[PDB]
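A.B. asks: Sequence and experimental coordinates follow.
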Amino acid sequence: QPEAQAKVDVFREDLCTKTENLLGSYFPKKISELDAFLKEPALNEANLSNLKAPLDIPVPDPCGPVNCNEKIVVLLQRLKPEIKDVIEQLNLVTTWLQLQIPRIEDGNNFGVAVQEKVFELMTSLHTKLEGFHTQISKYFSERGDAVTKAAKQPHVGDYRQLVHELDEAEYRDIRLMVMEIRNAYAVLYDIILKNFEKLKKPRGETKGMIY
Amino acid sequence: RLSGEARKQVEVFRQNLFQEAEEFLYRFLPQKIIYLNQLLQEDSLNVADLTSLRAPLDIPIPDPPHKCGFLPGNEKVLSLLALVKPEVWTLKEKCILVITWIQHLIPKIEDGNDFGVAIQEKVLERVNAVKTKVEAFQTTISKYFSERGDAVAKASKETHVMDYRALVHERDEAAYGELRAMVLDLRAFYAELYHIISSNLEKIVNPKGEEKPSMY
Amino acid sequence: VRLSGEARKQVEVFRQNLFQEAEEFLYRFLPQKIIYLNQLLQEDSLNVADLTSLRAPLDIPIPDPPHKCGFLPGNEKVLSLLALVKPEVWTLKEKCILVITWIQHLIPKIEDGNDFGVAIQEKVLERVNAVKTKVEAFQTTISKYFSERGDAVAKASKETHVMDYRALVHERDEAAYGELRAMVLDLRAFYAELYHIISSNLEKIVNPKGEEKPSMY
Amino acid sequence: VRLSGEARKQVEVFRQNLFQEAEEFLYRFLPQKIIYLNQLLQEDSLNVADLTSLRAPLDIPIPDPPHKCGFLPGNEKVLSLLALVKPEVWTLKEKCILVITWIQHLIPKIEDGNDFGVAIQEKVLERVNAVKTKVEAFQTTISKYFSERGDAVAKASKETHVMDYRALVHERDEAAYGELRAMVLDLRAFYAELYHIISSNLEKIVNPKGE
Amino acid sequence: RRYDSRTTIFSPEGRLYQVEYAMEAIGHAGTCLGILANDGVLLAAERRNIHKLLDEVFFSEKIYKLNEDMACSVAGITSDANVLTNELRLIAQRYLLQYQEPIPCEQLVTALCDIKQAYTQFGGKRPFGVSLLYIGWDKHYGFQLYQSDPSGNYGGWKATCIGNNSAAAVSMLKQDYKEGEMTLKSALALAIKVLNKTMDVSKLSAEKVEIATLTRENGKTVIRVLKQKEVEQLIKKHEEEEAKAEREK
Amino acid sequence: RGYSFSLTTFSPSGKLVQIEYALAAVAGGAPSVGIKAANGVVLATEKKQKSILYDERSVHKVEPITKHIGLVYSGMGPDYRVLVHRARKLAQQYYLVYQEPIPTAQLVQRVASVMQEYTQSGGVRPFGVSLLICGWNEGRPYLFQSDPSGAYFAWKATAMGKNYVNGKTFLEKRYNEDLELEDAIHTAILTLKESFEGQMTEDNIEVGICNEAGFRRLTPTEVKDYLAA
Amino acid sequence: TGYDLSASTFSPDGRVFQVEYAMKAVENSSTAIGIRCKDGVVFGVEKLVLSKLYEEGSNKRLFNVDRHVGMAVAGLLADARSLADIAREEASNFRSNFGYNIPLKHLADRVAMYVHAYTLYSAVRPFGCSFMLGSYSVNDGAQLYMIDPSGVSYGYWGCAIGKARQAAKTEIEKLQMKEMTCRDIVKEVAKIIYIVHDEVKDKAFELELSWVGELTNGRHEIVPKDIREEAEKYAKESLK
Amino acid sequence: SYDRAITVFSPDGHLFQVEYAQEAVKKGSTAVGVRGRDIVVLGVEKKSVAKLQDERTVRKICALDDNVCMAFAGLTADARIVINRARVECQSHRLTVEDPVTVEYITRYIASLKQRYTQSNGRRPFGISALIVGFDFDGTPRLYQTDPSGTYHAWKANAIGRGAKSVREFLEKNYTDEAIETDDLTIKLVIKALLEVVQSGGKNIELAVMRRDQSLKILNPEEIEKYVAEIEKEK
Amino acid sequence: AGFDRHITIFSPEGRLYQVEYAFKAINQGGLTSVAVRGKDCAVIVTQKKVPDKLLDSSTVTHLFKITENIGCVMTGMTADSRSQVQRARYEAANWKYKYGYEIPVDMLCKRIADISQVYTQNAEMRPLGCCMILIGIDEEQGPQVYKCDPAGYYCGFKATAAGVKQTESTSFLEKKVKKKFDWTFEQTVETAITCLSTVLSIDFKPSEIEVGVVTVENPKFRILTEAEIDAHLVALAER
C-alpha cells in the first residue's frame, strides 16, 4: 500500500532533517556548553571539605531533620537535563541510522558494515548513559539509607563517614559524567561526519548493468 | 493423514494470520506512527521544567529535639502512564504477530538457497530485540509504583531523613523522562518494523524464490 | 548388549507408543487446540477493553489525617482467566516434551556424513526447546503474580497512608490481564509453529539418513 | 551536513584542546604522577610492617558471664591512607577517559583495507578500558570499606557476646590497608603501562591508515 | 554448512547450487519471448536498456543471427552471451564445411548445450550465466523453437518466455496460444499482448522492444527485424483492440 | 561471504560480485566524457596531476589505436595500457588479414572479448578499467563503451569515472543530435567542468576528437583556445 | 593475521614476513665465519658434534662450488646442499659458455637471483640457508660474499652467519684483516670460533676450516691437519 | 568436514560426494527394466507435457547402437554426454574388432567413464544411473545397471530414480518365470510397476521394447493406452 | 575482511590493497632517493648507509647501469631491485638486438612497468617491492627522468623522490621548480643534494651519499667518485 510508505517516508524525511540539524548545530553547541560547565568553578572544587555537609545527628556520651547536600543537589539538577538530552539525541540518531539500513542483499555488504560499526558505538554510548541515569537515582537512596543507619546507631562512627564519602563520590562521579557526556557528543559527531557518505547511502547509486 | 476439519482449521489460521499481518503492516503502523507523533506533540509529554510535575508530599517534618495522612501518587505521571501503557501492550501483541507470520513463512529446511532464510532470521532477530525492549519497558512501568511506594513509606517511617523525600521527587522525575522516552521509542520501533519488513518483503514472503528450470 | 525378549518387548512398546502418540498429537490434537485457543482469545472476557472493569475493590481503610482491614479477595476476573489458561500452558509443555522425545528417538546412529538430516532434526529440536523455555517462563510468572499481589496487599494494609501500594495492586492486576492475553496468543502460536515445522520437515525428521544407497561397498 | 562557521569553530577548538591535553598528559603529568606514587609508596605509613599495629581500639563492653556503647570511631590510619589514595584513583579514571576519547577521535573513516592501524587503535583502547574497569573496582572497594566496617561494628555492638564480629572489624581494617597499598602500586603500574603502550604504538595510533 | 561453491560438489540431497544460482541470474534479465506459428516463428524481446543516450547502431541488441536458417535471442550475462553466440556461429559453419548442408537446429542447440554442461562439470570455470532461445527452420522438422538454460538442458517449446516475469508470460501464453491455429500476424499480436502484460511500462514504447521473425519465402529462409513503423502499427492495433474490448463492457 | 572473494562463483541471487567491485574501481577513476557529434566525436578526460613536477607530455590518457580510432579510460592506468597495446595489435592483425582499417564496432567487440577472457579464470583479476572507444568509419561517427565485465554498449554520449551519474544527467539535458563537434567539445568540457573540484587549465585536461580526417589529440594550445570561452 | 602465512603476501605495513621467518632459520645454526685478507679468504665453521657415533669429516658445511671458489653455509643443510648444487651448475655453465672461471661477484648474483625467485612465488617457500662464498683470483683478488635467504648479496671484508653472528662480528671487527696474511688469519678464525662457542649449551665442536688464496694458487681447499692443530692449540691457549 | 572433496576419505572410510551423487539420482524420474525370455522392456515415466512443449525433444530412452539401448535417471545433460560417449565407443569398438558390442562391454565402458570422473577432484561425478538393455550374440537377454560410483551389476529386473524402492519391492513380489513367459506379459508387468508410482497411467509413461534381432521400438501412445486398458480391466 | 592478502581480488571499493602495501614496502627500507632534471643534465642521488664496518662499501650500491647511456636508482627491497635491474638490462639489450638502436628511457620504463602490471594481475607471484627511477639523454627530447612503481604507473617527471621522505622531498622540489630560472649541471646536483640533506637533516659527508649523472655533453651514465661528491658538497657549504 503506497499511503503507508508515504507517511513513513514523511517520518523518515523529518528524521533526516532533524538528524542533519542535530549534527550541524546541536552537537557542537552542546560540546561547547558542556565544556563550559566543566570549567565552571562549581564542578571543580579544590577541597571537598567545603563539599562536606552537616549531619545534625546526636553523638552518644529523634534526631533533627538531616538535609541533602545542597551542592550535590544543585549539581545534579543541572546535570540530569543533560543526560536526558544526550539520551534523546542518541535515540534519534540511532533510529535514523536503523532506517537507512538497506534491503538485505548478497553483494555490496560494505556500507552495511559501516552502519553496523557506528550502531555498535551508539549502543555502547546508550549503555553508559543509562548507567549514569541509574547512578543519579541510587545516590539519594544510598545517602538516605546511610543516614538512617546512623540515626538507628548513633554510636557507630563510620556511618557518618559513609554519608560524607557517598556525597564526595557522587560529586566526582558528576564531573566525570559531564566529561563523558561531552566526549560522547564529540565522538558521535566525529564518527557520523567521517562515515556520512556510506551511512546515508550504503549500497551506492552505481548500477553495473552486467545483465 | 489430516482430517478435512484439521486441514481446514490450519488453513484458516494461516490465512487469518496472513491477512492480519497485511492489515497491521499497511494500516495499523501508519496510524499508530501519526498517533504517537500526536502524543509527542501533546503538551503532557512535552513538559519542560520537571519542578512543575513535582508533587507535594505532606509527611510531617520532624521538630528538632504524628501520623502521616493519605499520601497521594503524582497525578501527572500516573496519567501519562495511563496514556502510554496500552500502546506498549499493543506493540508487544503486534510484534508477536509479526514473529508468528515470519515463522509460518519460513520454508522447509533445505541446504542451499538459504539466503532468503537468512533474511528471515535476521528480521526475526530484529523483531525479537524490539520484543525484549518493550517487555523491559513494561517491567519499568511495573517497578515504578513499587519503588515509589517503598520510598514514600521509608520517608514516612523516618521523617528525619529528607533524602527519601528527595528520592520520591526524583523517582517522579525519572518516571516522566522514561515515559517520554518510551513513547518516542515506540514510534521508532513501529517505523523500524515497517522499514525492515517492507524492504525485505519479497524474500520474507517467498524465501526460496521462483521454481527453477529443474535440471532433473 | 544382550536383551531378553521381555526387555525388547518393553522397549518396542515404549517406541511404538511414542510414535503413534506423536502422530496422533500433531495430526489431530494440534488443530483442535489451535481452534480452541483461537476461539478462547476471541471470547469477550479475554478482549476486555476498559481495564477499570478488571480492577477489583481493596477494602483498606483510608487513613484520616490526625480500624482493621477485612478479608481482601483476589481479583475474580484474573483468577478465572488463570483457571482457563493454566491447563493450556501445562498441556503445551507436556506435548513439547513428547515431541522432543519423539525426535530424539528418531535421531540415528552418529556418523561422519549425510548429517544434513540430523542437522534438520537438531534445528527443529532447537525450536521445540525454545518454546519449552518460553512455556516454563509462563509457568513461573503465573505464580509470580500471586506472590507479588499478596505482598502488595499486605504492604498496603500495613502502610495505609501509602496509596502507591494500592495503585500497585491495581497495576499488578492489569499487567496480569495483559500478560494472560499475550500468553494465550503465544500458546496458540507455539502450537501452530510446531505443526508447521514438523509437517514441513517430517520426511527428514522421520528418515534423516535417507533411503539405502546402491552400496558401492 | 551543513557546517555553520561557529559550529566548525566549536568542533575545531574541542579537537585542538583534546589533542593538546593528550600530549600534556602523556609527556608532563604522567611521569609526575609516577614519581609521586613512587614517593608515596616510600612513605612509612604505606609500608607498615606489622598489620596488628593498625589494629584499632574497639571499645565495646565485654558481657559479664552468666551496659551501653559509647561512640566508636573509625581507624584513623586507614582513613588517612584513603585520603591519600582516593584522589589518585579518580584522577586516573579521568585521564583514562581523556585517552579513550583521544584515541576514538584519531580513529579514521571506515574503509575496507589497511585496517591494521585501526586494529592497533582498538587494542589500545581495549586495554585502556580494562584499566578503567579495574580503577572503578578500586572505587567500589573504597566505598565498600566504610559500609562493611559499619556493618561489622554495629553487629559487634548489637551482639557483644560474639567476639568474632570484633575480630572481623579488625580484619576489615587490615584488609583495607592491604588493598589500599595494592591500589597505590597498581595505579603506578597502570600509569606506566598506559605510557608504554601509547608511546610504543604512537605512530599507528596517531596515523593508523598509513599516510 | 556451505555446499554451494566450486560448481563441482554435489550438496546433500544431490543438488548443484552454483548452476541454480546462475539460473537465478537470468530472471533479472530483460524478458525475451518466442512463439511458433504454422507459417513462421518469431522472437520478441524487451530492450531493457532504455537509457536516453544509447544508439541503435547494431542489427539488434538481443537478437542474433547464427546461420542462414536460424537465429537466437539471449537473456543473461552479455559477455557470456557474446562468447556463446560466437561459438554457435563457428559450430554451424563447421557443420556446413563438413557436410555442405545447413546445421540442423536441434544439433546446434545440442552442441552449445554440451559446451554449457562441460563448463558446469569441470572445476575452474563458472557455469555460463545465460539462457537463450533458438528459432530456425530445418528440412527434417520444419519450424522449431528451442530454449536452453545454464544447466545445459534444452527443450522444444511451441511458445515460451525467458527472463523477468517469465512465469506471467507463460501463464498468459498458455491460455492464449492456439495449437495448430497460429499465424505470424496472430502470434505477433499475442507477443505484443504478453509483452505489455509483463513489461512494467504502461505503454510499450516501440523503442523498448525488438521483434524479429523467421519465415521461408521462395525456398530460402529470411530472418527479418520488424522496423519501428511496423511495431508502432502493431502496438496501435493492440491498443485499439484492447480498448474496444474494454469499450464493450 | 565466499561469493565476495571468488571470481568464478555466482553469489546467491546470481551476481558475479568481483566484477561489480571492478566496476566500483572504474567509478573511482577520473572523470571521462564522450559526446558523439554529427560530424565527429569528442573524447575528454581530466589529467589532473599531483604536482607541477609531473611532466604532462610523458604520458597520455587518450591514445590512438589506429588512424581512425582512439579511446579514453576511467579506472586503472596499468590495465588501460595492457589493453591499449592489445587493441593496437588486434587492429593490425585485422589489417594484415583483410587489408582494410578495422571497424570500430569490430575492435570494441574484440577488446571486450579479451576483457571477458580475463574474467573467467580464477588466477587472474578482471581489468579494473572501462573505456570509451570512439571511431569514424563509413562516413559515420561511432562511440562505444566497454566495461570490465566484457560487455559493450553504444552511446550517443556518456560519462565515466567520478560523478558519472551527474555528468550523464548534465549531458542528456545538454545533448542535441544535431550538434557539430565545434559545439560538442564545448559541451564536453562543460560536462567535465561539473566535476573537477579545481580550476581547469590546458594541462589539467586531455581531449581528443575524431572525424573524417581521423583521430587526433588537439594540442595544449588548442584546448587553451577552446577553454578561453 | 593471515599475512605471515605466505611469501606472496605483504603485511599491511609493507613487510614480507615469511622471508624474515626464514632469516630466523639460520640463527638456529651453529656459527660460521669467513674473513678476507690480502692473500686470500679464510673460512671457518663451528661444526657441533651431535653424537660420538657420527663420523668425523661428516656433515660438512664447507663445500667447494668450483675449483677456485668455496662455500660455507648456515641454515638448513638440505637447502644448503641444494643451493651448492645450483651454484656448481651455474659455474659449470659459465665455464662452458664464456670459456673461463666464473667471477665471484657474478656467481653470487646468479645464485642470489635464484634464491630471490623463491621469495616471490606462493607455491614455494624461501630457502632456509644463508651462505658465504669466497674466492681468490690474481685478476679479481680476494673476494668474500654472503647471500641471505632473501637473495640480498654483498661483499664483506669479514662476515659471520648463524647463532653467534653478533659476537663473532665484533671479534672480527677488532682484527685489521686487510693488512694480515692467511696463515695468521687461520689462527685468529680459530680464536673467534672458540670464543663464540658456548660450552654449556653446546657440548662440543670440531673446528672445520678452509681457505682460498695465492698460497693455494687460487684453489679452495681444506686446511692441512697440521695447520688445523696449530690453530686449535693457539685458540685453546688464548681462551684461558 | 569430509564431504567437500571427492578424493578425501572420511573416518570410517566413506567417500561422501559419490553418495551425494547417488542421492541426486534419486531425484530423477523413475525408470524400470525387466528381462523377458525373448524381450527386454525398458520403461520410463514422463514428468509432464506443460502444454507448450514438444515431447520429441525429451526422450529418456535412447539407442546406443542397433543391439543396445539405455534409459537413465539423473542429470539430463550428464546423461546426454554419457549417451554420446557410449555411442562413439560402440562405433569405435565395431571399427576396431569388426564385431558388435556386447551389453556388458558397453556397461563396462560407461562405468569406467563414471569411475574416471569420480577418482579425480576438479571433476564432479556424472549424476546419473542407467539401465542398459541389449541382446548378446547368443541371444540371451541382458539387463545391467550403473550408478555414479562406477559399479555395474546385472539385474533380472530393476528400477532407478524416484520411487525405485517401492517399485522394486513390487517387482520383487510380482516378478516370476510365469510373467516373463509372454512379451505382452513383460510389457504389462513393467507398466503395472510404473503404475505403482505415477500420477496417471497412459499419459505419464514412455515405454520401449527390444526384440531378439529387431531395432528399438518406442511403443505408440495408442499401444500403451491399449496395454493399460488391458491391465486396468483385469483388476 | 580478507579482501587483502591476495592481489587478484578487488575490494568492495575496488582498490587492490596488496599493491598499496607493496608501496609501503619501499618506505620500510629507510632510504630515500631523489632525481631532478636540468636543461642539459639529469642526476640521481640516494642515501648510502653501511650498517656494518665489515661490509665492503664498494659492493653496496643502489645505482645501476641498465645500458651505457641509461642509469637507474632502485628504492625498496634490495633483492627485488636487483632482479628488476637484471630484467631492465635484458630488455634494453633485446631492444637493441631487435630494433637496431638504443632503447629510449620512456620505452624501457614502459616495458618494466607493464611487467609490473602482469605481476599485479596474475595470482601466484607478488609485485616486486621496489621503485625504479631511470635517467638518460634522448637526442630528440633532451634529458629525461622517469619512474616505475609496483603498480605499473610509469609517468615521466621534471624531478622526483622516492623513499620515506618522498612527500617532504617533493614539497621541497615543487618550490624550486616554481621559482624556475634554470638548472645547469652544478645547480642540478646542488638542488638534488640540498633536497636530500634538508629533508633528512643529515648534513651529509661524501661517503653517506652516492650520485649518478647524465649530461648531453657526455651521454654515458657515470657514478661520481667520492672526491667529486665532496667537491660538490664543499661548494654547497661555502655558499
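C.D. replies: Nice, thanks for sending it over. Residues are numbered from 1 along each chain as shown, chains lettered A, B, ... in the order given.

A.B. asks: By residue count, what's the longest helix in chain A?
C.D. replies: Secondary structure assigned by DSSP state H gives helix A:158-200 as the longest helix of chain A.

A.B. asks: How about chain H?
C.D. replies: If you go by DSSP H, chain H has its longest helix at helix H:76-97.

A.B. asks: which residues sit against it?
C.D. replies: B:215-216, E:110, E:113-114, E:116-118, E:120-121, E:151-153, H:60, H:62, H:64-65, H:68, H:70, H:72, H:99-101, H:105-106, H:109-110, H:113-114, H:126-128, H:130 (CB atoms under 8 Å, 6 or more residues apart in numbering or on different chains). Where C-beta positions appear, they are placed from N, C-alpha and C, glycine not excepted.

A.B. asks: Next, work out how far apart the residue in chain H that chain I sits nearest to and residue E:3 are.
C.D. replies: Relative to chain I, the nearest point of chain H is residue H:122 (16.9 Å; CB to the nearest CB). Here residue H:122 is placed at a distance of 17 Å from residue E:3 (CB to CB, to the nearest Å).

A.B. asks: out of these two, which sits in the busier spot?
C.D. replies: residue E:3 (21 against 14; other CB atoms under 10 Å in any protein chain shown).

A.B. asks: Just confirm that one is within a helix.
C.D. replies: No. Counting by DSSP: H, G, I helix; E, B strand; the rest coil, residue E:3 is not part of a helix but coil.

A.B. asks: residue ranges for the helices of chain F, please.
C.D. replies: Counting by DSSP H, the helices of chain F are F:2-5, F:17-28, F:77-98, F:104-120, F:164-174, F:181-193, F:220-227.

A.B. asks: Turn those into JSON lines, including mean neighbour count and distance to residue I:45.
C.D. replies: Listed next are those as JSON lines, based on neighbours: other CB atoms under 10 Å in any protein chain shown; distance: least, CB to CB, whole Å:
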{"stretch": "helix F:2-5", "mean neighbour count": "18", "distance to residue I:45": "43"}
{"stretch": "helix F:17-28", "mean neighbour count": "24", "distance to residue I:45": "35"}
{"stretch": "helix F:77-98", "mean neighbour count": "18", "distance to residue I:45": "28"}
{"stretch": "helix F:104-120", "mean neighbour count": "21", "distance to residue I:45": "41"}
{"stretch": "helix F:164-174", "mean neighbour count": "17", "distance to residue I:45": "43"}
{"stretch": "helix F:181-193", "mean neighbour count": "21", "distance to residue I:45": "39"}
{"stretch": "helix F:220-227", "mean neighbour count": "15", "distance to residue I:45": "31"}
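
A.B. asks: out of those helices, which comes closest to chain A?
C.D. replies: With distances scored as CB to the nearest CB, the stretch of these nearest to chain A is helix F:17-28 (4.0 Å).

A.B. asks: Is there proximity between that closest one and chain I?
C.D. replies: Yes. Applying CB under 8 Å from any CB of the partner chain, one finds helix F:17-28 touching chain I at F:18, F:21, F:22, F:23, F:24, F:25, F:26, F:27, F:28.

A.B. asks: Dihedrals phi and psi, the residue of chain H closest to chain I?
C.D. replies: Taking degrees, to the nearest 10, you get phi 90, psi 0 for the backbone angles of residue H:122.

A.B. asks: How about the contacts made by it?
C.D. replies: Residue H:122 is in contact with E:8, E:122, E:123, E:124, counting by CB under 8 Å, 6+ apart.

A.B. asks: For the third one, which non-adjacent residue is closest in space?
C.D. replies: Distances taken as CB to CB, 6 or more residues apart in numbering or on different chains put residue H:122 closest to residue E:123, at 3.9 Å, once the chain neighbours are dropped.

A.B. asks: So which bits of chain G are right by chain B?
C.D. replies: Residues of chain G lying near chain B by CB under 8 Å from any CB: none.

A.B. asks: What ranges does chain G have for its helices?
C.D. replies: Assigned by DSSP H, the helices in chain G fall at G:17-28, G:77-98, G:104-120, G:165-173, G:182-196, G:225-239.

A.B. asks: go on, chain I?
C.D. replies: In order along the chain, chain I carries the following helices (DSSP H): I:17-27, I:78-99, I:105-121, I:166-178, I:185-200, I:226-238.

A.B. asks: Which stretch among those helices approaches chain H most closely?
C.D. replies: Within the helices of chain I, the stretch nearest chain H is helix I:105-121; the backing value is 23.4 Å (CB to the nearest CB).

A.B. asks: and the closest one, is it in reach of chain D?
C.D. replies: No. Judged by CB under 8 Å from any CB, helix I:105-121 stays clear of chain D, getting no closer than 15.2 Å.

A.B. asks: quick check: angle from that helix to helix I:17-27?
C.D. replies: 120 degrees (axes from the mean of the first three to the mean of the last three CA atoms, to 10 degrees).

A.B. asks: before we move on, back to that, and the contacts of helix H:76-97, which are buried?
C.D. replies: Among the contacts of helix H:76-97, the ones that count as buried by 16 or more other CB atoms under 10 Å in any protein chain shown are B:215-216, E:110, E:113, E:116-117, E:120-121, E:151-153, H:60, H:62, H:64-65, H:68, H:70, H:72, H:100-101, H:105-106, H:109-110, H:113-114, H:126-128, H:130.

A.B. asks: ok, for residue 3, nearest residue in space, not its chain neighbours?
C.D. replies: Picked chain A for this. Closest residue to residue A:3 apart from its sequence neighbours, by CB to CB, 6+ apart: residue B:30 at 6.9 Å.

A.B. asks: right idea, wrong chain: chain I
C.D. replies: Excluding the flanking residues, the one nearest residue I:3 by CB to CB, 6+ apart is residue I:11, at 4.6 Å.

A.B. asks: Tell me if I'm right that that neighbour and residue F:18 touch.
C.D. replies: No. Contact criterion CB atoms under 8 Å: residue I:11 and residue F:18 do not qualify, at 10.2 Å.

A.B. asks: ok so, going back, looking at the contacts of helix H:76-97, which are in helices?
C.D. replies: Those of the contacts of helix H:76-97 mapping onto helices are E:110, E:113-114, E:116-118, E:120-121, H:105-106, H:109-110, H:113-114, per DSSP H.

A.B. asks: Tell me the one of the residues you listed nearest chain D?
C.D. replies: residue E:120 (32.0 Å).

A.B. asks: The closest one and residue D:159: what is the separation?
C.D. replies: Separation of residue E:120 from residue D:159 (CB to CB): 86 Å.

A.B. asks: do the same with residue H:93
C.D. replies: 107 Å.

A.B. asks: Can I take it that residue E:93 is in a helix?
C.D. replies: Yes. Judged by three-state DSSP, residue E:93 forms part of a helix.

A.B. asks: Count residues in the vicinity of it, would you?
C.D. replies: Neighbours around residue E:93, by other CB under 10 Å: 13.

A.B. asks: Can you tell me the closest non-neighbouring residue to the residue in chain H that chain D sits nearest to?
C.D. replies: Residue nearest to chain D within chain H: residue H:4 (27.9 Å; CB to the nearest CB). The shortest distance from residue H:4 to any non-neighbouring residue, by CB to CB, 6+ apart, is to residue E:9 (6.1 Å).

A.B. asks: just residue F:31 next, same as before
C.D. replies: In this structure, residue F:31 finds its nearest non-sequential neighbour in residue F:161, 4.1 Å apart by CB to CB, 6+ apart.

A.B. asks: For that neighbour, what are phi and psi?
C.D. replies: When read as degrees, to the nearest 10, the backbone of residue F:161 gives phi 90, psi -150.
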